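Novice: Dropping a structure here in structure tokens format, bear with me for questions.
Cβ placement follows ideal geometry from the backbone for every residue including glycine, while neighbour counts extend to all protein chains displayed. Each answer follows from the model by the rule given with it, or from the source it names; no laboratory instrument gave them.
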Amino acid sequence: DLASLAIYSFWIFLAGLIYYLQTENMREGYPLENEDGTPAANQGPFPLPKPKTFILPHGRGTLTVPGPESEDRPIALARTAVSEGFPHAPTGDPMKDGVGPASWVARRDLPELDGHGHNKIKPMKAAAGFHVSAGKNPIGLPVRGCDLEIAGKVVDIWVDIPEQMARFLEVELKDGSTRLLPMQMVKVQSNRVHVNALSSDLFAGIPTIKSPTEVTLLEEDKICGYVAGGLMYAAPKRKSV
Amino acid sequence: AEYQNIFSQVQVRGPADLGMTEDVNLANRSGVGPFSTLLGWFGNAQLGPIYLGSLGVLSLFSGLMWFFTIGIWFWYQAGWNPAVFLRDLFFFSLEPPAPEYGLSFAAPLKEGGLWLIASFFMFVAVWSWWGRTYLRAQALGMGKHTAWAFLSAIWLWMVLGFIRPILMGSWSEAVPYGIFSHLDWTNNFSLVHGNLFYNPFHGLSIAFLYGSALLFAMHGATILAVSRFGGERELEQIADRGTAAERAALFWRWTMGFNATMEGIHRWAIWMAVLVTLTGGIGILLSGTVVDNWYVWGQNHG
Amino acid sequence: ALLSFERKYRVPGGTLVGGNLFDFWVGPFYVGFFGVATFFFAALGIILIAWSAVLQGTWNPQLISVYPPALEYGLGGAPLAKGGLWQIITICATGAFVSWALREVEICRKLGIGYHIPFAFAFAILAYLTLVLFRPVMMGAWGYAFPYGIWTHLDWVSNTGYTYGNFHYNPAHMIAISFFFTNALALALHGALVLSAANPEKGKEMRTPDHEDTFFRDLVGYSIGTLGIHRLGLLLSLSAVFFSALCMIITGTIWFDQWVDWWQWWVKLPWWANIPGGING
Ligand code: BCL
Ligand code: BCL
Ligand code: BCL
Ligand SMILES: CC[C@H]1c2cc3[nH]c4c(c3C)C(=O)[C@H](C(=O)OC)c4c3nc(cc4[nH]c(cc(n2)[C@@H]1C)c(C(C)=O)c4C)[C@@H](C)[C@@H]3CCC(=O)OC/C=C(\C)CCC[C@H](C)CCC[C@H](C)CCCC(C)C
Ligand SMILES: CC[C@H]1c2cc3[nH]c4c(c3C)C(=O)[C@H](C(=O)OC)c4c3nc(cc4[nH]c(cc(n2)[C@@H]1C)c(C(C)=O)c4C)[C@@H](C)[C@@H]3CCC(=O)OC/C=C(\C)CCC[C@H](C)CCC[C@H](C)CCCC(C)C
Ligand SMILES: CCCCCCCCCCCCCCCC(=O)OC[C@H](COP(=O)(O)OC[C@H](O)CO)OC(=O)CCCCCCC[C@H](Br)[C@@H](Br)CCCCCCCC
Ligand SMILES: CCCCCCCCCCCC[N+](C)(C)[O-]
Ligand SMILES: CCCCCCCCCCCC[N+](C)(C)[O-]
Ligand SMILES: [Cl-]
């Protein structure tokens, strides 16, 4: 029967496809590791795929995956149990050490470039022809932390040029230096910008950027990590509201 | 509330983005259209430009002729009365030739011929539009995944309208052009083939259709959940894994014990979707050509 | 075992209930108080299904079926073998799903991510509860719920549909279907687009989100953007399930006749109601 042949073949195909898909999804993070970072004994029934290479634009190299996995940064955490499967306690301040929900990855310390090789994200002040087109303009709004105290003031929006969208608010602190806040972690209100994740005392500790008119992928990760970390780690200072 | 990132809080606008050039013939791109502040709360505000070369003009024109062929038939069914046209719009139907005409073109216009003309125009609109999905990719140096994916949808459509009717010996087996009439056709097709719930390919197709909803809910929710770390910038997360891609994987690993990568979730995605109409097309193609009754088939084949 | 990059995220905290008591993993799986709850509800559910198998007299998974209380029982309880188990397994199911959503909320809290996933999932649970709880309660009996069996639930779908004629004519159901098909359209296009950029023609550099915008603008005159498309997929898929729940919640309750006949309100609007010709005059 031709339907029987069709349905039986399709199941063979779907099994092969699921196998292939799972292996493709093991191009990052594998081989699996023990808690000490050595290779685990049981890797599973799926093997690592054969490596592929992405040719990155703008002379930025390739990426070949799978390859040798490494954190490329120290992890300030320690075991809390004598066997596998329990949490690992921060050994210092998890927000400064960048662990837990404050974690960051050691992405390239260069900015993301657009199709034409230009920095993807720029302060709006430096982005020819960019302006706020609808919504409350946050520039000039005081910025409030979850301790209900003012941490600073908004001095610019950092915009994604090719996608025409707000990505960070640039916030000036008491000492006149600035920090970037992810736009996804702020609430623009009629008379302020509210930041639930951080109390005002934590703003100074936001990782700074080394050049004031561009951010690197590495710097984005440190800022975004640190801000998200505050939901857990600034909870004591987080007033009800 | 935390901001949830479903709508944007502030819109920014800059100079109209005219796009990458690569090998595209710029003579064929319109100027930019207007900007919609309304679309802008949710996606991009910018409309246009559009590329329209000769294959695009063919597809559009042919598409419009399909649409006018049905339209003119409806207006005729309505006795040229716009009151009646609006009233009975969902009830009108352009029906294929009777069984007696087989696969011939001999049928009167009012009783098959217009359906054949309409189907002709649709055939040209879709296939040229397919070519346009390949060529627009080619001109930008991108892969052809879209044109391959589109071919799976074309398959189900080709099966319902052309391949299955040809294999059965008559245009009368194809689907009428009409809102209600095509639903009636669908119901009737199942009744007459012993209940399509007994077709294993139909069950598969449902699994994938539902699964597409599961998967895009999972994936959209996920990217939005990690948008605070730049997660929607998927190409760069592919090229240089960030804490967005890592938190996204680990959410799923901790929930269900396995996970994806940023590139690879898009392979789960293309396949989950494409298998809807691939399996669906097989199921329909086999119906009445090889299997007259799926309940019966079922009883003899597990 | 851990993913290469996983250790830094396995910190204490984020639990909703029980502090550190259940703040641990088994292999890849996070436990938490809601892991223990899910397991308890699942396990009891599966055991009870297995016992129903015994009382039906089969183990075959294409035959095992747990049916709800017959309509005579109304909204009361029934004996184990005659509807009671279904009622208990439904409670266990609801408990396991809601426990799974709350476990997901615990995983979000530990990872510092948004709650969009469990929120999304809560729509699926609502669809389920529409079919087994809200709709039965509004209709006055547990018997209107679907039975738990691979094929028998398909029987219930078909029977339930044909009670109202061709169910296609349910207008909320048309909107639901539209969202399902559109969602599958969008999923295909999205996967294909990111992959076409990540995997360009042979020998060439990866493309940019700018190439992705350009491709769609060249093709259809509009690009929704990388943020937009993920918002869109979430909206389409949730809207699909919202309208599904809606189309059933109204059926047997506010509307219970043949769905085809609902459409007469439009045809009988008084301006065109009596004009001869067309299909309906
Ligand atoms: C949604 C509207 C109707 C309905 C209409 C249909 C129709 C019509 C069809 C199905 C089909 C299926 N339905 Mg149903 N189905 C309903 C409610 C449910 C519920 C539920 C708890 O609410 C569940 C668990 C299922 C489960 C299933 C699967 C057996 C099968 C494939 C679905 C799929 O891949 O989805 C997408 C999800 C994924 C791809 C993820 C994987 C999900 C897996 C496959 C679920 C396994 C379920 C397991 C066998 C149930 C027992 C659990 C154990 C006790 C632990 N249905 C309601 C009543 N369903 C198809 C079939 O082939 O039936 C025989 C089919 O044609
Ligand atoms: C009483 C009715 C029968 C029945 C009869 C049928 C029939 C008959 C068919 C299906 C098919 C399907 N049914 Mg069934 N079905 C029933 C009950 C169900 C139930 C349920 C909960 O009860 C569900 C969930 C489904 C679900 C499904 C899908 C999985 C599948 C269609 C997939 C798809 O994407 O198609 C939609 C996608 C397309 C049609 C592709 C179209 C692509 C073309 C190229 C687009 C042209 C566009 C045109 C130019 C206009 C453009 C305008 C633009 C804006 C410019 N059925 C009952 C049992 N079903 C189909 C299938 O595959 O079955 C195996 C099919 O033929
Ligand atoms: C003869 C049949 C009638 C008909 C009668 C009905 C009836 C009756 C119903 C539908 C419903 C639907 N129909 Mg209809 N329908 C018909 C024709 C069609 C066609 C078609 C192409 O002809 C299509 C595309 C559809 C489409 C649809 C969808 C809009 C909707 C189903 C999805 C849903 O509710 O998901 C919602 C998703 C869920 C319920 C899944 C819940 C999952 C839970 C929360 C998780 C389970 C976990 C599991 C146990 C895990 C197991 C273990 C793990 C896998 C390890 N119908 C014909 C005309 N249709 C249904 C609906 O709207 O229901 C609300 C419905 O009840
Ligand atoms: C893989 C399975 C799914 C799938 C995939 C899929 N579909 C696709 C693709 C893919 C991968 C494409 O690449 C292609 C596409 O271009 O998407 C943008 C397409 C496509 N899928 C389409 C539709 C479609 N897909 C569907 C389904 C599905 N598509 C599946 C669920 C369905 C249904 C019934 O469920 C429909 C209706 C089209 C949007 C597009 C194919 C376009 C096409 O072939 O067009 C030819 C016809 C014309 C060109 C006539 C156009 C006339 C214009 C509307 C004139 C406008 C002028 C002016 C604006 C008038 C003013 C009035 C207006 C306000 C109305
Ligand atoms: C709202 C949009 C869509 C959606 C979204 C969605 N689903 C989700 C999520 C999201 C966002 C999750 O986060 C969650 C997940 O973890 O996915 C991997 C989930 C999930 N969606 C699932 C399934 C699923 N979703 C579906 C649908 C959808 N899910 C929608 C279309 C469907 C169908 C039929 O269309 C199914 C079958 C699971 C993979 C997963 C939830 C897993 C879970 O809750 O696990 C805990 C429970 C158990 C391990 C077993 C419980 C056992 C019971 C106690 C007994 C069985 C009773 C049951 C009622 C019998 C059914 C018999 C059938 C034959 C009818
Ligand atoms: C997918 C199926 C349908 C797809 C939708 C197709 C819609 C067709 C849109 C109709 C476009 C009409 C174009 C007229 C253009 C014209 O007359 O001249 C352009 C004229 C001047 O251009 P120029 O002088 O620069 O000419 C070219 C030059 O020589 C080289 O640079 O400028 C214009 O008119 C711009 C008009 C704006 C075009 C934007 C169209 C937006 C389309 Br409708 C978007 Br909103 C459609 C969205 C549909 C999405 C559907 C996907 C479904 C999932
Ligand atoms: C579509 C059904 C769901 C697909 C299930 C795929 C199984 C995933 C295999 C997990 C292996 C995990 N591991 C050991 C590699 O970490
Ligand atoms: C026979 C093959 C054709 C596939 C079926 C197409 C039916 C779709 C319904 C279109 C309805 C006509 N109109 C103008 C109101 O759209
Ligand atoms: Cl507007």
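Novice: Return the total of residues in the range C:270-281 being more than 7 Å from chain B (Cβ to nearest Cβ) and aliphatic (A, V, I, L, M).
Specialist: 1
Novice: Mind checking which helices (runs of 4 or more DSSP H) fall wholly inside the range C:182-269 and carry at least 3 residues that are closer than 27 Å to C:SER158 by Cα and facing another protein chain (nearest Cβ under 7 Å)? Walk me through it before giving the result.
Specialist: Numbers: elements: C:209-220, C:226-249, C:259-262, C:264-267.
By residue number, C:226-249.
Novice: Still on this structure, please answer the following. May I ask you to say which residue of C:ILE150, C:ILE113 is within 14 Å of chain A (Cβ to nearest Cβ), more than 20 Å from C:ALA70 (Cβ to Cβ) and either within 16 Å of ligand 5 (Cβ to nearest atom) or part of a loop (DSSP other than H, G, I, E, B) (or both)?
Specialist: Numbers: C:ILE150 fails: within 14 Å of chain A (Cβ to nearest Cβ).
Exactly one of C:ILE150, C:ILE113 is within 14 Å of chain A (Cβ to nearest Cβ), more than 20 Å from C:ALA70 (Cβ to Cβ) and either within 16 Å of ligand 5 (Cβ to nearest atom) or part of a loop (DSSP other than H, G, I, E, B) (or both), namely C:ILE113.
Novice: Tell me, yes or no, whether the range C:155-167 has at least one residue that is within 15 Å of the chain's Cα centre (by Cα) and surrounded by 17 or more Cβ atoms within 10 Å (Cβ to Cβ).
Specialist: Checking the range C:155-167: not a single residue is within 15 Å of the chain's Cα centre (by Cα) and surrounded by 17 or more Cβ atoms within 10 Å (Cβ to Cβ).
Novice: Residue under question is C:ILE175, and the condition is that it be of a type in the set (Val, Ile, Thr) and crowded, with 18+ Cβ neighbours inside 10 Å; does it hold? Before you say what the answer is, go through the steps one by one.
Specialist: Details: of a type in the set (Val, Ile, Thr): yes; crowded, with 18+ Cβ neighbours inside 10 Å: no.
Against the criterion (of a type in the set (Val, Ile, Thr) and crowded, with 18+ Cβ neighbours inside 10 Å), C:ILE175 does not qualify.
Novice: Oh, and also: Please give the helices (runs of 4 or more DSSP H) falling wholly within the range B:118-193 in which 1 or more residues are near ligand 4 (Cβ under 9 Å from one of its atoms) and touching a residue at least 40 places away in the same chain (Cβ under 8 Å).
Specialist: Numbers: elements: B:145-158, B:164-168, B:179-192.
It comes to B:145-158.
Novice: Another one. List the number of the failed condition for A:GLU220; all other conditions in (1) free of Cβ contacts under 8 Å to residues at least 60 places away in the same chain; (2) crowded, with 21+ Cβ neighbours inside 10 Å hold.
Specialist: Failing condition for A:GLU220: (1).
Novice: Could you tell me whether the range A:36-58 includes any residue that is β-branched (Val, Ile, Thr) and farther than 13 Å from B:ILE238 by Cβ?
Specialist: Initially, the range A:36-58 is screened for residues β-branched (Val, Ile, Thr), giving A:38, A:53, A:55.
In the following step, the residues that additionally are farther than 13 Å from B:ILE238 by Cβ were identified as A:38.
Yes; the residues of the range A:36-58 include at least one that is β-branched (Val, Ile, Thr) and farther than 13 Å from B:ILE238 by Cβ.
Novice: So, one more: If C:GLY112 satisfies all but one of (1) on the phi < 0 side of the Ramachandran plot; (2) surrounded by 17 or more Cβ atoms within 10 Å (Cβ to Cβ), what's the number of the condition it fails?
Specialist: (1)
Novice: Considering only residues that are surrounded by fewer than 19 Cβ atoms within 10 Å (Cβ to Cβ) and within 13 Å of ligand 2 (Cβ to nearest atom), which ones fall in the range B:134-154?
Specialist: Hits for the range B:134-154 are B:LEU151, B:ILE154.
Novice: Ok, one more. Among the residues in the range B:4-24, are any more than 7 Å from every other protein chain (Cβ to nearest Cβ), assigned to a helix (DSSP H, G or I) and away from ligand 3 (no atom under 16 Å from the Cβ)?
Specialist: no
Novice: Follow-up. Name the residue, out of B:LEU109, B:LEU114, B:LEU183, that is surrounded by fewer than 19 Cβ atoms within 10 Å (Cβ to Cβ) and farther than 30 Å from B:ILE270 by Cα. Break it down stepwise before answering.
Specialist: On the way: B:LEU114 fails: surrounded by fewer than 19 Cβ atoms within 10 Å (Cβ to Cβ); B:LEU183 fails: farther than 30 Å from B:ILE270 by Cα.
Only one candidate qualifies: B:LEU109.
Novice: Is it true that some residue in the range A:164-183 is within 19 Å of the chain's Cα centre (by Cα), within 23 Å of A:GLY100 (Cβ to Cβ) and in a loop (DSSP other than H, G, I, E, B)?
Specialist: Among the residues of the range A:164-183, not one is within 19 Å of the chain's Cα centre (by Cα), within 23 Å of A:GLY100 (Cβ to Cβ) and in a loop (DSSP other than H, G, I, E, B), which makes the answer no.
Novice: Tally up the residues in the range C:80-93 that are touching a residue at least 40 places away in the same chain (Cβ under 8 Å) and in a helix (DSSP H, G or I), please. Walk me through how you get there before you give the answer.
Specialist: Initially, the range C:80-93 is screened for residues touching a residue at least 40 places away in the same chain (Cβ under 8 Å), giving C:83, C:86-90, C:92-93.
From the residues that got through so far, the ones that are in a helix (DSSP H, G or I) too are C:86-90, C:92-93.
Residues flagged as touching a residue at least 40 places away in the same chain (Cβ under 8 Å) and in a helix (DSSP H, G or I) within the range C:80-93 amount to 7.
Novice: Is it the case that the range B:45-57 has a residue that's assigned to a helix (DSSP H, G or I), out of contact with any strand residue (DSSP E or B) (no Cβ under 9 Å at 6 or more places or on another chain), closer than 20 Å to C:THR214 by Cβ and in contact (Cβ under 8 Å) with a residue 40 or more places away in the chain?
Specialist: yes
Novice: Given the conditions (1) within 16 Å of ligand 5 (Cβ to nearest atom); (2) under 30 Å from C:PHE256 (Cβ atoms), which single one is not true for C:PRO171?
Specialist: (1)
Novice: Please enumerate the residues belonging to the range A:120-137 that are within 13 Å of chain C (Cβ to nearest Cβ) and either over 22 Å from the mean Cα position of the chain (by Cα) or of a type outside the set (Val, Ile, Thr) (or both).
Specialist: Taking the range A:120-137 and keeping what is within 13 Å of chain C (Cβ to nearest Cβ), we get A:120-121.
Answer for the range A:120-137, where residues must be within 13 Å of chain C (Cβ to nearest Cβ) and either over 22 Å from the mean Cα position of the chain (by Cα) or of a type outside the set (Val, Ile, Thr) (or both): just A:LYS120.
Novice: With A:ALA76, A:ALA127 as the choices, which residue is crowded, with 17+ Cβ neighbours inside 10 Å and not assigned by CATH to the domain that holds A:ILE209?
Specialist: Details: A:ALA127 fails: not assigned by CATH to the domain that holds A:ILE209.
Unique residue meeting the criteria: A:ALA76.
Novice: Any chance the range B:81-90 includes a residue that's outside the structural domain of B:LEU183 (by CATH), among the small types (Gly, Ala, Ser) and either under 27 Å from the mean Cα position of the chain (by Cα) or under 30 Å from A:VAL186 (Cα atoms) (or both)? Quick ask: steps written out before the conclusion?
Specialist: Here is the first cut: in the range B:81-90, the ones outside the structural domain of B:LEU183 (by CATH) are B:81-90.
Imposing the further condition that a residue be among the small types (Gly, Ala, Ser) reduces the set to B:83.
In the following step, the residues that additionally are either under 27 Å from the mean Cα position of the chain (by Cα) or under 30 Å from A:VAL186 (Cα atoms) (or both) were identified as none.
There is no residue in the range B:81-90 that is outside the structural domain of B:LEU183 (by CATH), among the small types (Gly, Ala, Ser) and either under 27 Å from the mean Cα position of the chain (by Cα) or under 30 Å from A:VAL186 (Cα atoms) (or both).
Novice: Let me ask something else. Output the residue which, of all residues in the range C:178-188 that are surrounded by fewer than 22 Cβ atoms within 10 Å (Cβ to Cβ) and without any contact (Cβ under 8 Å) to a residue 12 or more places away in the chain, is farthest from ligand 8 (Cβ to nearest atom).
Specialist: Filtering the range C:178-188 for residues that are surrounded by fewer than 22 Cβ atoms within 10 Å (Cβ to Cβ) and without any contact (Cβ under 8 Å) to a residue 12 or more places away in the chain, the one farthest from ligand 8 (Cβ to nearest atom) comes out as C:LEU185.
Novice: Might you let me know whether the range B:214-224 holds any residue that is more than 16 Å from ligand 6 (Cβ to nearest atom) and touching a residue at least 60 places away in the same chain (Cβ under 8 Å)?
Specialist: Yes, the conditions are met somewhere in the range B:214-224.
Novice: So, one more: Among the numbered conditions (1) more than 7 Å from chain C (Cβ to nearest Cβ); (2) within 29 Å of A:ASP114 (Cβ to Cβ), tell me where B:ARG247 comes up short.
Specialist: Against the list (1) more than 7 Å from chain C (Cβ to nearest Cβ); (2) within 29 Å of A:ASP114 (Cβ to Cβ), B:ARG247 comes up short only on (1).
Novice: Okay, next question. Only one residue in B:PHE35, B:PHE42, B:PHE74, B:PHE67 is free of Cβ contacts under 8 Å to residues at least 24 places away in the same chain, over 30 Å from B:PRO176 (Cα atoms), more than 16 Å from ligand 5 (Cβ to nearest atom) and not aliphatic (A, V, I, L, M). Which one? So that I can check it myself, show each step before the final result.
Specialist: On the way: B:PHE42 fails: free of Cβ contacts under 8 Å to residues at least 24 places away in the same chain; B:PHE74 fails: over 30 Å from B:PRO176 (Cα atoms); B:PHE67 fails: over 30 Å from B:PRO176 (Cα atoms).
Within the list B:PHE35, B:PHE42, B:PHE74, B:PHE67, the selection yields B:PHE35.
Novice: Please give the number of the condition B:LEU215 fails out of (1) within 11 Å of ligand 5 (Cβ to nearest atom); (2) touching a strand residue (DSSP E or B) at 6+ places or on another chain (Cβ under 6 Å).
Specialist: (2)
Novice: Another question about this same structure. Taking the range A:90-111, which residues are more than 9 Å from chain C (Cβ to nearest Cβ) and outside any loop (DSSP other than H, G, I, E, B)?
Specialist: A:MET95, A:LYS96, A:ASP97
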